[PDB]
Structure formats: C-alpha cells, structure tokens
Amino acid sequence: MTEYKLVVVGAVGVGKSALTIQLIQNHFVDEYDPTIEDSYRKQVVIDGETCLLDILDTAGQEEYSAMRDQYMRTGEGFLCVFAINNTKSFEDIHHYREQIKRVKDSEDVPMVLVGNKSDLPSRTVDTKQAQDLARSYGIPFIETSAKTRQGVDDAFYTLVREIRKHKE
Ligand SMILES: CN(C)C(=O)c1cc2cccc(F)c2o1
C-alpha cells in the first residue's frame with residue numbers, strides 16, 4: 001500500500017477540490033470556497049494495487065511567492081486542472097509547469113492534462129488546442145466534469161499509471 005503525493009494546481013473557480021470531494025465522500029459542493037491547505041486520504045485499488053492516496057489541495061491564488069519551492073518538491077504527481085470557461089486558467093498552467101520543472105530538476109515529468117467545466121456551454125478553448133499542447137509535453141488529456149463526475153475516474157487512474165510507469 002504505497003502512498004503517492006498527489007497535488008492539484010490551477011486557478012480559483014476551476015474546482016480542484018471538487019474532484020477530491022467527489023472521490024472521498026462523493027459529493028459536489030455548489031458554493032465555491034477558496035481552499036488554502038487541505039489533505040485528503042483514502043484507500044483505493046489502482047489496477048489491482050491497493051494504495052493510499054495522499055492528496056493535498058493547494059491555493060489557486062498567487063499569494064505564496066518565495067515559499068512555493070518548499071513543499072512543491074515533496075509533490076510527486078501534479079494535476080493540471082484548467083477550465084474551458086476562461087483561457088486564463090489554461091495559460092496559468094504554463095507558469096506552474098515552469099515552476100515544477102525547476103523543482104523537479106528534470107525536463108520530463110509524469111503529469112496529466114484535464115479540462116474541467118466540460119459540461120458548460122461556455123467553451124472558450126477547443127479540444128484540439130488542449131490536445132495540441134498536451135502532445136508537445138507528452139502528457140495525456142482527459143475531459144473532466146466535476147458536476148456529474150465525467151472522466152474523473154479515468155483521469156485519476158491514468159495519472160497514477162503515469163507515476164508508476166515513470167518509476168517501474
Ligand atoms: C496529508 N498530506 C497530503 C501530506 O502530508 C502531504 C504533504 C504534501 C506536500 C506536497 C504534496 C503533497 F501531495 C503532499 O501530501
């Protein structure tokens with residue numbers, strides 16, 4: 001039962017903890033609440049491998065400046081959660097990558113690209129754009145709706161896979 005450090009990254013309004021609450025107790029909150037530091041643990045069987053998920057929710061606001069390259073190193077897998085509602089959240093992911101790369105001390109890294117708010121008719125960015133960008137970094141793109149839990153399960157298992165494939 002291995003514990004993988006899973007940390008989510010994104011902006012305010014995307015719903016990073018939405019995926020976690022949907023997995024822990026399986027509940028979706030309507031009233032968006034800005035989270036600062038929350039830890040979620042649950043025993044899940046990954047492809048037959050019973051593991052313990054040690055997920056940590058990070059702040060979506062750029063408050064921490066000279067304090068990010070501290071706990072960001074302990075993070076194993078990062079969840080690039082963006083929203084198709086606003087392209088701003090899409091470009092925000094880029095900054096996180098640049099930061100993560102310096103913290104990982106390597107060019108390559110096992111990560112996944114997930115597009116939230118896929119169930120909303122407010123599509124500012126298209127699938128091809130996300131797929132195109134994902135192909136450059138060699139990361140898989142999965143559509144994820146936190147409103148009805150669409151693609152969340154798939155994305156979760158795919159992420160853990162990338163981590164295990166990276167080592168084994
Ligand atoms: C109960 N949890 C989540 C921890 O003690 C932990 C710490 C931590 C730091 C960076 C990234 C992570 F995923 C992390 O998990």
# chains A, B, ... in the order shown; residues from 1 in each chain; ligands from 1
>>> residues_around(residues="residue 49 (chain A)", least_positions_apart="2", cutoff="12 Å", atoms="only C-alpha atoms", output="list in words")
residues 1, 2, 3, 43, 44, 45, 46, 47, 51, 52, 53, 157, 160, 161 and 164 of chain A
>>> write_last_selection(atoms="N, CA, C and O atoms", output="compact mmCIF listing (two decimals), in the first residue's frame")
# COMPACT_ATOMS: atom_id res chain seq x y z
N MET A 1 0.83 -1.20 0.00
CA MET A 1 0.00 0.00 0.00
C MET A 1 0.87 1.26 0.00
O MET A 1 1.17 1.83 1.05
N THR A 2 1.29 1.67 -1.19
CA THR A 2 2.14 2.85 -1.33
C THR A 2 1.32 4.14 -1.29
O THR A 2 0.15 4.16 -1.68
N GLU A 3 1.94 5.19 -0.78
CA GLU A 3 1.31 6.50 -0.70
C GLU A 3 1.97 7.43 -1.71
O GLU A 3 3.17 7.69 -1.63
N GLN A 43 -8.09 4.92 0.82
CA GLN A 43 -7.52 3.70 0.27
C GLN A 43 -8.26 3.30 -1.01
O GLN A 43 -9.47 3.03 -0.98
N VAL A 44 -7.55 3.30 -2.12
CA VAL A 44 -8.14 2.97 -3.41
C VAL A 44 -7.30 1.89 -4.11
O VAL A 44 -6.08 1.88 -4.01
N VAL A 45 -7.98 0.98 -4.80
CA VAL A 45 -7.30 -0.08 -5.52
C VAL A 45 -7.00 0.37 -6.94
O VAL A 45 -7.90 0.47 -7.78
N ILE A 46 -5.73 0.65 -7.20
CA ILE A 46 -5.30 1.12 -8.51
C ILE A 46 -4.83 -0.04 -9.38
O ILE A 46 -3.72 -0.54 -9.21
N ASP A 47 -5.69 -0.47 -10.31
CA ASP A 47 -5.37 -1.55 -11.24
C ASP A 47 -5.00 -2.84 -10.49
O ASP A 47 -4.22 -3.66 -10.97
N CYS A 51 -3.63 1.01 -2.85
CA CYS A 51 -2.76 2.08 -2.41
C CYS A 51 -3.51 3.10 -1.56
O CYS A 51 -4.74 3.07 -1.48
N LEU A 52 -2.77 3.99 -0.94
CA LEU A 52 -3.34 5.03 -0.11
C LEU A 52 -3.06 6.38 -0.76
O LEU A 52 -1.90 6.75 -0.95
N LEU A 53 -4.12 7.09 -1.12
CA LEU A 53 -3.97 8.38 -1.79
C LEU A 53 -3.73 9.52 -0.80
O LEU A 53 -4.60 9.84 0.01
N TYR A 157 -7.06 7.25 -12.54
CA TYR A 157 -6.31 6.02 -12.78
C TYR A 157 -5.17 6.25 -13.77
O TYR A 157 -4.09 5.67 -13.62
N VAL A 160 -2.15 8.00 -11.90
CA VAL A 160 -1.41 7.07 -11.06
C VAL A 160 -0.55 6.16 -11.93
O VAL A 160 0.56 5.78 -11.54
N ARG A 161 -1.08 5.82 -13.10
CA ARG A 161 -0.36 4.97 -14.04
C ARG A 161 0.93 5.65 -14.49
O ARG A 161 2.00 5.05 -14.44
N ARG A 164 3.58 5.41 -11.84
CA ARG A 164 4.14 4.08 -11.69
C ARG A 164 4.99 3.70 -12.91
O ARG A 164 6.03 3.07 -12.77
>>> select_by_dssp(residues="region 1-150 of chain A", states="strand (DSSP E or B)", output="PyMOL selection string")
chain A and resi 3-9+38-46+49-57+77-83+112-116+141-143+145+150
>>> select_by_dssp(residues="region 5-122 of chain A", states="helix (DSSP H, G or I)", output="ChimeraX atom specification")
/A:16-24,68-71,87-104
>>> closest_residue(among="A:110, A:34, A:121, A:75", to="ligand 1", atoms="only C-alpha atoms and all ligand atoms")
A:75
>>> closest_residue(among="A:32, A:71, A:78, A:137", to="residue 107 (chain A)", atoms="only C-alpha atoms")
A:137
>>> residues_around(residues="region 89-96 of chain A", least_positions_apart="2", cutoff="8 Å", atoms="only C-alpha atoms", output="list in words")
residues 9, 10, 11, 14, 80, 81, 82, 83, 84, 86, 87, 98, 99 and 100 of chain A
>>> closest_atom_pairs(of="chain A", to="ligand 1", cutoff="7 Å", atoms="only C-alpha atoms and all ligand atoms", output="Markdown table")
| residue | atom | partner | partner_atom_place_in_ligand_line | distance |
| --- | --- | --- | --- | --- |
| A:5 | CA | ligand 1 | 13 (F) | 3.5 |
| A:6 | CA | ligand 1 | 13 (F) | 3.9 |
| A:7 | CA | ligand 1 | 13 (F) | 4.3 |
| A:39 | CA | ligand 1 | 3 (C) | 4.6 |
| A:40 | CA | ligand 1 | 3 (C) | 6.3 |
| A:41 | CA | ligand 1 | 1 (C) | 6.7 |
| A:54 | CA | ligand 1 | 3 (C) | 4.5 |
| A:55 | CA | ligand 1 | 3 (C) | 4.5 |
| A:56 | CA | ligand 1 | 3 (C) | 4.1 |
| A:71 | CA | ligand 1 | 10 (C) | 5.1 |
| A:72 | CA | ligand 1 | 10 (C) | 5.5 |
| A:73 | CA | ligand 1 | 10 (C) | 6.9 |
| A:74 | CA | ligand 1 | 10 (C) | 4.7 |
| A:75 | CA | ligand 1 | 11 (C) | 3.7 |
| A:76 | CA | ligand 1 | 13 (F) | 6.7 |
>>> write_last_selection(atoms="N, CA and C atoms", output="CSV table (one decimal), in the first residue's frame")
chain,number,residue,atom,x,y,z
A,5,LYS,N,2.2,11.1,-3.4
A,5,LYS,CA,2.0,12.5,-3.1
A,5,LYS,C,1.3,13.2,-4.3
A,6,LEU,N,0.0,13.4,-4.3
A,6,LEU,CA,-0.8,14.0,-5.4
A,6,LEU,C,-1.2,15.4,-5.0
A,7,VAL,N,-0.7,16.3,-5.8
A,7,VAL,CA,-1.0,17.7,-5.6
A,7,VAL,C,-1.7,18.3,-6.8
A,39,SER,N,-5.8,18.3,3.2
A,39,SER,CA,-5.3,17.0,2.9
A,39,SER,C,-6.4,16.0,2.8
A,40,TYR,N,-6.4,15.1,1.8
A,40,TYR,CA,-7.4,14.1,1.7
A,40,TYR,C,-6.8,12.7,1.5
A,41,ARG,N,-7.1,11.8,2.3
A,41,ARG,CA,-6.5,10.4,2.2
A,41,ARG,C,-7.6,9.4,2.1
A,54,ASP,N,-2.6,10.1,-0.9
A,54,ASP,CA,-2.2,11.2,0.0
A,54,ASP,C,-2.2,12.5,-0.9
A,55,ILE,N,-3.5,13.0,-1.1
A,55,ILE,CA,-3.7,14.2,-1.9
A,55,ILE,C,-3.7,15.5,-1.1
A,56,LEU,N,-3.1,16.5,-1.6
A,56,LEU,CA,-3.1,17.8,-0.9
A,56,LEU,C,-3.6,18.9,-1.9
A,71,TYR,N,7.4,23.2,-0.4
A,71,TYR,CA,6.6,22.0,-0.3
A,71,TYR,C,6.2,21.4,-1.7
A,72,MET,N,6.6,22.1,-2.7
A,72,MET,CA,6.3,21.7,-4.1
A,72,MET,C,7.3,20.6,-4.5
A,73,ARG,N,8.3,20.4,-3.7
A,73,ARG,CA,9.3,19.3,-4.0
A,73,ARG,C,8.8,18.0,-3.6
A,74,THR,N,8.1,18.0,-2.5
A,74,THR,CA,7.5,16.7,-1.9
A,74,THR,C,6.4,16.2,-2.8
A,75,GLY,N,5.9,17.0,-3.7
A,75,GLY,CA,4.8,16.6,-4.6
A,75,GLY,C,5.3,15.7,-5.7
A,76,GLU,N,4.7,14.5,-5.8
A,76,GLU,CA,5.1,13.5,-6.8
A,76,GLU,C,4.3,13.8,-8.1
>>> closest_residue(among="A:117, A:97, A:102, A:68", to="residue 150 (chain A)", atoms="only C-alpha atoms")
A:117
>>> closest_residue(among="A:4, A:101, A:65, A:88", to="residue 50 (chain A)", atoms="only C-alpha atoms")
A:4
>>> closest_residue(among="A:111, A:152, A:118, A:128", to="residue 166 (chain A)", atoms="only C-alpha atoms")
A:111
>>> residues_around(residues="residue 159 (chain A)", least_positions_apart="4", cutoff="7 Å", atoms="only C-alpha atoms", output="list in words")
residues 111, 112, 155 and 163 of chain A
>>> residues_around(residues="residue 57 (chain A)", least_positions_apart="4", cutoff="8 Å", atoms="only C-alpha atoms", output="JSON, numbers by chain")
{"A": [7, 8, 9, 16, 17, 35, 36, 37, 38, 39]}
